[PDB]
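*Asks:* What follows is a single structure, and I will ask about it in a moment.
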Amino acid sequence: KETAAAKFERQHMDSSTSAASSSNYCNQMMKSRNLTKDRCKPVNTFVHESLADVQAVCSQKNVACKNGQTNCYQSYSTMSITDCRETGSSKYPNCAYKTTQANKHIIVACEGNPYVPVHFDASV
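Going letter by letter, the sequence shown gives residues 1 to 124 in PDB author numbering.
Have a look at this one:
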């Protein structure tokens, strides 16, 4: 079955674009990435950087995760990201999202060998 690392790539990586281009980015992406198949996932963040740059965060600033875990890491530099948040008109199976572009540091939880990102914790 799908690995935590692969799931991270599917849910959060979008290296083929530098930023969200229209207000429909989240609607398309949430659907295409299969994140709205069983229910409308409330929030999600896509990262517009090379996979290599994001995997490299696992060797950057170690910080505690929101939940208290200590296997989180914060990127030294800001990254281009798109925040997807469910709209008031979102109704399964027709999930709807507001697209917000931003540039911030990201915090991911890392696991395994090779030590890679398996969870997107927050953007600061």
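The beta carbon of each residue, even a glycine, is placed where N, CA and C say it ideally should be.
1) In the DSSP output, what is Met-79 paired with across the bridge?
2) Span of the beta strand (DSSP E) holding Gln-74?
3) Assuming the contact rule is C-beta atoms closer than 8 Å, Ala-19 and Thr-82 should be a hit. Round their C-beta distance to whole Å, please.
4) Nearest to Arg-10 by alpha carbon, out of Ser-23, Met-79, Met-30, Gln-69?
5) Count the other C-beta atoms from every protein chain shown that fall within 10 angstroms of the C-beta of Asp-53, then say buried if there are 16 or more, exposed otherwise.
6) How many angstroms separate the CA atom of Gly-68 from the CA atom of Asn-24?
7) Compare the Cα-Cα distances from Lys-37 to each of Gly-88, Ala-96, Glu-111 and report the closest residue.
8) Thinking just about the alpha-carbon of each residue, which of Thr-45, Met-79, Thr-70, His-48 is nearest to the one in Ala-109?
9) How many Å lie between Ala-102 and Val-43 at the Cα?
*Replies:* Taking the definition as stated:
1) For the purposes of this step, residue 79 is identified with residue 79 of the sequence shown, where counting begins at 1. As a beta-bridge residue in DSSP terms, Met-79 pairs with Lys-104.
2) For this step, residue 74 is matched to residue 74 along the sequence shown. Here the beta strand (DSSP E) through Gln-74 covers 72-74.
3) Within the sequence shown, residue 19 is the residue found at index 19, counting from 1. Within the sequence shown, residue 82 is the residue found at index 82, counting from 1. By a beta-carbon distance limit of 8 Å, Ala-19 contacts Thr-82. Their separation comes to about 7 Å.
4) Along the sequence shown, one-based indexing puts residue 10 at 10. Ranking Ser-23, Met-79, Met-30, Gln-69 by Cα distance to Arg-10 puts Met-30 first.
5) Here the question's residue 53 lines up with position 53 in the sequence shown. Around the beta-carbon of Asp-53, fewer than 16 other beta-carbon atoms lie within 10 Å, marking it exposed.
6) Mapped onto the sequence shown, residue 68 falls at position 68. Mapped onto the sequence shown, residue 24 falls at position 24. Taking the straight line from one Cα to the other gives about 34 Å.
7) For the purposes of this step, residue 37 is identified with residue 37 of the sequence shown, where counting begins at 1. Of the listed residues, the one whose Cα sits closest to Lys-37 is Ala-96.
8) Taking the sequence shown and counting its residues from 1, the one referred to as residue 109 is at position 109. Of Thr-45, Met-79, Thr-70, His-48, the residue nearest in Cα terms is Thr-70.
9) On the sequence shown, residue 102 is found 102 positions in, with the first residue counted as 1. On the sequence shown, residue 43 is found 43 positions in, with the first residue counted as 1. Going by the C-alpha atoms only, they are around 15 Å apart.
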